[PDB]
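Below: the structure, in structure tokens.
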There are 2 protein chains.
Amino acid sequence: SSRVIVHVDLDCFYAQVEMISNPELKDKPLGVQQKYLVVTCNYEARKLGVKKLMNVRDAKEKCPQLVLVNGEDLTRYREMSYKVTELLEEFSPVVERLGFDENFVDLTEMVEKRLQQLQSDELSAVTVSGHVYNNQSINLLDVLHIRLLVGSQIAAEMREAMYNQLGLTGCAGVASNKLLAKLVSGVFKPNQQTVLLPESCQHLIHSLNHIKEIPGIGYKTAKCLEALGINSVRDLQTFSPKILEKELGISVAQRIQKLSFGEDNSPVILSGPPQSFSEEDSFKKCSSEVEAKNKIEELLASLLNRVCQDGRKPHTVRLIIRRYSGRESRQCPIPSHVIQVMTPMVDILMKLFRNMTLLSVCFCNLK
Amino acid sequence: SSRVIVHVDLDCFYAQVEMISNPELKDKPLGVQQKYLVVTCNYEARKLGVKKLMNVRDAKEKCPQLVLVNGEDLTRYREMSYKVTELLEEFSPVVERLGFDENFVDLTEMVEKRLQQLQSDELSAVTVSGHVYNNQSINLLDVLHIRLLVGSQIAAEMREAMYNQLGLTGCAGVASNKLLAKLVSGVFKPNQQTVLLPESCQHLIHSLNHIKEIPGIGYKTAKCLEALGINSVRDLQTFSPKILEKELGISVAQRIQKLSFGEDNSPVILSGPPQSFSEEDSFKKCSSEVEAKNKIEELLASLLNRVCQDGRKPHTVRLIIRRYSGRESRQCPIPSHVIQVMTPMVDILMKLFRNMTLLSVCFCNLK
DNA sequence: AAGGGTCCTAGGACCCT
DNA sequence: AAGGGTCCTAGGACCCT
Ligand SMILES: [Mg+2]
Ligand SMILES: [Mg+2]
Ligand SMILES: [Mg+2]
Ligand SMILES: [Mg+2]
Ligand SMILES: [Mg+2]
Ligand SMILES: [Mg+2]
């Protein structure tokens with residue numbers, strides 16, 4: 001039953017990429033811009049007040065010397081994201097992606113192979129790589145302690161390999177399930193790693209200050225929980241299961257309540273190739289007429305290219321819109337003759353358009 | 001591109017099963033009863049006026065000597081259904097199920113292997129098994145004619161095997177795609193087979209009298225088409241694509257219009273093991289109070305048994321209801337500890353019940 | 001008061017930058 | 001005026017007996 005999981009989280013991902021291809025930006029405070037949004041920034045800029053997901057106005061206020069690069073085309077970030085996952089797949093092939101910069105790996109089978117190859121002499125010599133959460137004391141006779149420490153050594157090899165092979169830095173967290181691995185990897189956020197021994201599981205979850213910090217609990221779920229007087233991890237631990245079921249559902253209630261105890265039995269899933277390809281564009285209630293084709297035609301040309309590179313073929317298309325005030329969408333299957341180019345697709349999408357501040361296209365259901 | 005497909009359709013399936021396990025019912029007119037509904041009947045009863053899906057009142061009127069057996073528990077029909085599919089899977093493993101009594105098989109690879117094993121001498125000796133649709137003339141030099149005729153010989157071997165091994169009779173239709181195979185298999189409905197040569201494709205589709213007879217066109221679609229003045233296959237062939245798209249959708253319009261020409265490029269899919277297990281019960285606004293557990297508990301006990309036999313494990317449950325006047329449903333995932341029994345499930349379902357003339361349970365999303 | 005099946009759709013929730 | 005991802009839900013359509 002006992003598992004050793006690792007969670008790898010790159011530091012200021014987009015910014016770290018821009019700082020790589022243009023070393024001239026290192027040491028200088030950097031923000032990565034998407035329209036009016038500074039979506040992330042390096043640490044030279046966080047010190048100066050800039051914060052993730054900050055207005056381009058407020059950010060230049062706290063740092064007028066802030067150098068900004070446009071990060072709207074994710075192509076380069078996506079390509080590097082998959083270079084990271086692919087390298088980790090060398091260690092163990094079961095690698096789950098979370099967004100572009102986070103990866104889960106189940107190290108269990110790999111920890112146990114390393115253990116058989118050791119002797120009674122070197123086992124007492126097993127050491128930790130990186131921080132132990134809560135400065136908790138190690139017990140070389142606790143077999144769970146030994147396995148987690150081996151997990152931290154693997155985690156350090158990955159992080160070094162990532163830097164040696166892709167010049168990227170990041171954090172790692174080693175724990176017994178995915179929830180705790182992710183929560184502990186950020187205890188030392190700047191290019192460091194942390195291992196969570198079981199006896200500190202409760203210190204970790206109770207170190208949080210709002211239930212939203214639990215991966216699995218978002219805006220709607222949080223707000224519903226505070227409309228019930230649930231503001232802390234412990235409030236949710238002790239809240240009535242029944243009342244929780246008959247207010248949020250039997251699936252939401254019974255899993256988030258297990259997350260509040262640090263429990264999470266979900267396996268690390270192999271993300272493999274993507275299940276979808278999409279592109280978005282946003283605009284200040286600009287598209288006011290059907291000549292919004294050009295904006296659509298742009299999105300296809302990049303998707304069609306990305307698909308051709310992927311080699312697989314999609315069988316469903318989707319169009320999304322956002323309307324000046326909540327999103328609406330229409331999809332349909334892809335004609336067969338088309339699957340084996342640009343002109344016909346457009347006319348499908350506009351038929352979808354006419355059935356109905358943002359336009360987006362997606363290719364899903366891939367073979 | 002050229003395919004040889006076969007469609008196998010058993011004669012009065014439920015009735016033929018009841019006549020097997022009780023030979024005493026053969027020769028006598030038989031209906032299979034589900035509540036007030038005579039869902040099917042043998043041919044000794046169709047002659048006497050009884051019709052598929054007929055009131056138990058009107059049927060006994062046209063035939064008071066009608067012997068009826070209850071067919072509400074489908075267990076036996078389902079078990080025989082899969083004995084049929086499994087036997088056909090011996091011929092070629094790619095077998096698509098349609099309901100309990102119909103099966104599609106792609107005979108293409110099997111037709112071509114048989115052809116290489118022949119000599120120029122026996123090829124002119126190739127003969128048809130069963131009817132040729134529209135008494136059309138065979139051309140032993142048309143390679144498509146030869147392949148379809150080989151398809152009819154395989155179809156005859158299946159039907160014989162089905163009778164020799166399971167004592168079941170049925171019809172087969174051999175054509176170049178799934179739509180036409182299904183349409184031609186019923187031209188001689190009582191334990192016979194028919195092959196459709198390409199030059200008669202249009203005689204077959206135009207032999208239909210309402211667009212509803214096209215597999216793919218149902219109640220809602222038919223009615224929408226008649227609200228537009230489309231009553232015949234040809235009306236739909238000639239109807240405006242645009243008007244069809246902007247009234248039914250780009251997926252519905254552009255495929256049903258291809259079905260009206262006898263075109264259908266969908267492949268024969270391997271149905272394999274089921275994707276769901278469900279049980280239903282109906283009742284004259286009977287369940288009026290929460291003690292409807294007993295009716296639910298019945299459905300679980302049979303599903304739980306069927307699942308245990310299957311060996312796979314489900315990960316989602318669903319509850320369906322119908323309310324005296326349109327169905328409503330609630331589902332959720334299956335707790336993990338449960339997956340590896342009866343008491344806990346009930347309390348999930350009732351929570352689903354309280355969130356909300358028929359009750360039903362389903363196990364889906366199987367591993 | 002049938003008793004089952006299949007697959008799709010539009011929208012929702014969650015996770016990142 | 002971010003720009004992407006994942007998976008689930010309730011209901012719909014279609015096909016049989
Ligand atoms: Mg991250
Ligand atoms: Mg990060
Ligand atoms: Mg959260
Ligand atoms: Mg049939
Ligand atoms: Mg039949
Ligand atoms: Mg039809």
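Hydrogens, waters and symmetry mates are skipped; everything else that's a heavy atom, side chains included, is used. We name chains A, B, ... by the order of the sequence lines, and we start the count at 1 in each one.
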Side-chain donor-acceptor pair present, B/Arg327, B/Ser360, cut-off under 3.5 Å: no

Quick one: which of C/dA1, C/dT17, D/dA13 gets closest to the side chain of A/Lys52? C/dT17

Atom CZ of A/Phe104 to atom P of C/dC15: distance rounded to whole Å? 11 Å

Please check the phosphate of D/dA13 (OP1 and OP2 only) for any side-chain N or O of B/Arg255 closer than 4.0 Å. no

Run the salt-bridge test on A/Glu96 and A/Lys178 with the 4.0 Å N-O cut-off and return the result as yes or no. yes

Taking only side-chain nitrogens and oxygens of B/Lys212, does any of them come within less than 4.0 Å of OP1 or OP2 of D/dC14? no

Proximal nucleotide (of C/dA1, C/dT17, D/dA1) relative to the A/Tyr36 side chain: D/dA1

Salt-bridge criterion met for A/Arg97 and A/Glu102 (N-O under 4.0 Å): no

Taking the six-membered ring of A/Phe283, is NZ or CZ of A/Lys295 closer than 6.0 Å to its centre and within 45° of its axis? yes

Judged by each residue's nearest nucleotide on DNA chain D, which is more toward the 5′ side, B/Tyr219 or B/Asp9? B/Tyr219

Looking only at whether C1'-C2'-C3'-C4' is positive or negative, is the sugar of C/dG11 north or south? south

May I have the distance from B/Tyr77 (atom OH) to C/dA2 (atom P), rounded to whole angstrom? 17 Å

Which dot-bracket notation, 5' to 3', represents the base pairing of DNA chain D when pairs are defined as Watson-Crick or G-U with both distances under 3.5 Å, crossing pairs as [ ], and inter-strand pairs as |? ..||||||||||||||.

Are side-chain heavy atoms of A/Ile256 and A/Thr221 found at a separation under 4.5 Å? yes

If positive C1'-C2'-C3'-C4' means north (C3'-endo side) and negative means south (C2'-endo side), then C/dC7 is south

For the P atoms, the ones on D/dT17 and on C/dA1, what distance do you get once it is rounded to whole angstrom? 23 Å

When all nucleic acid strands are considered with a 4.0 Å heavy-atom cut-off, which category describes A/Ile214: base, sugar-phosphate, or nothing? sugar-phosphate

How many whole angstroms separate atom CD1 of B/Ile320 from atom P of C/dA1? 19 Å

Any idea which of C/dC14, C/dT17, D/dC16 is nearest the B/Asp101 side chain? D/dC16

Protein within reach of the bases, or only the backbone? For nucleotides 3-10 of chain D, mark each nucleotide 5' to 3' as B, S or -, using heavy atoms under 4.0 Å. BBSS--SB

Give B/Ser271 one of three labels, base, sugar-phosphate or nothing, depending on what nucleic acid heavy atoms sit under 4.0 Å from its own. nothing

Between A/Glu18 (CD) and C/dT17 (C1'), how many Å, whole number? 12 Å

Measuring only between side-chain heavy atoms, which start at C-beta, is A/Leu352 closer than 4.5 Å to A/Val317? yes

Side-chain donor-acceptor contact under 3.5 Å, B/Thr85 with B/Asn103: yes

For A/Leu98 and C/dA13, what is the distance between atoms CG and P respectively, to the nearest whole Å? 19 Å

Nucleotide C/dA1, atom P - distance to OH of B/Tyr324 in whole Å: 7 Å

Indicate, with yes or no, if the rings of A/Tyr77 and A/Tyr14 have centres closer together than 6.0 Å. yes

When you measure from the centre of the six-membered ring of B/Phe104, is the NZ or CZ of B/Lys182 closer than 6.0 Å and no more than 45° off the axis? no

Within the 4.0 Å heavy-atom criterion, would you say A/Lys182 contacts the bases, only the backbone, or no part of the nucleic acid? sugar-phosphate

Are A/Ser329 and A/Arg318 linked by a side-chain donor-acceptor pair shorter than 3.5 Å? no

If I take atom CZ in residue B/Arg97 and atom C1' in nucleotide D/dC15, what distance separates them, rounded to the nearest angstrom? 12 Å

Report the distance from atom CG of B/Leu179 to atom P of D/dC15, rounded to the nearest whole Å. 11 Å

B/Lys284 near the nucleic acid: base, sugar-phosphate alone, or nothing, with a heavy-atom cut-off under 4.0 Å? base

Indicate whether the side chain of B/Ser302 and that of B/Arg306 have a donor and an acceptor atom separated by less than 3.5 Å. no

